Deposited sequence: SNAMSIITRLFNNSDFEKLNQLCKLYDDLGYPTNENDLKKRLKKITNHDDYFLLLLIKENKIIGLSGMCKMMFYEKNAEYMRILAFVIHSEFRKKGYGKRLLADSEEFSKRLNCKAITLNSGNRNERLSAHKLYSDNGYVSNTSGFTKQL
């Protein structure tokens, strides 16, 4: 109360304008039709977890995650794949809150670690560089 985090649920297909607004802030604007299709696919996958930051019923942040297996040990970790706070809600600790809740959520799912990649243009260690090739 009254800022909560909760997982995406099917009622959230009635809130696509709010989600579109966040994807725009993320730098990937879209439309409600395509977003509906995409989120339907993502949220029906057992390994993907879309965690939402809610303020007075409005979605004001999202943390899109996937739970992964290590190839090198028998354990699991979480990867944060998308993270955004609404452009009008910045510098008020919501980013900190949504990240902390993402970690807590991951820990409950027995993840040994949480990881993410961020662009170049709290206890997190940066010891890898990302390399991407378009195919």
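Annotation: deposited residues 1-3, 125-136 are not represented by C-alpha coordinates in the model.
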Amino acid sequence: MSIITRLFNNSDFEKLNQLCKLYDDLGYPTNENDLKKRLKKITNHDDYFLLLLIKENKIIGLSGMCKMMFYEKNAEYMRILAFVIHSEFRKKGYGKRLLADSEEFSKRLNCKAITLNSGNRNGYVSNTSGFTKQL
From here on, numbers count along this sequence of modelled residues.
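Averaged over their C-alpha atoms, the temperature factors of 59-67 and 89-97 are higher for 89-97.
Annotation for 1-9 versus 125-133: the higher mean temperature factor (C-alpha) is found in 125-133. In this PDB entry, residue 32 carries a Cα temperature factor that places it within the highest third of its chain's modelled residues. Split the chain's modelled residues into thirds by C-alpha temperature factor. Residue 106 is in the lowest one.
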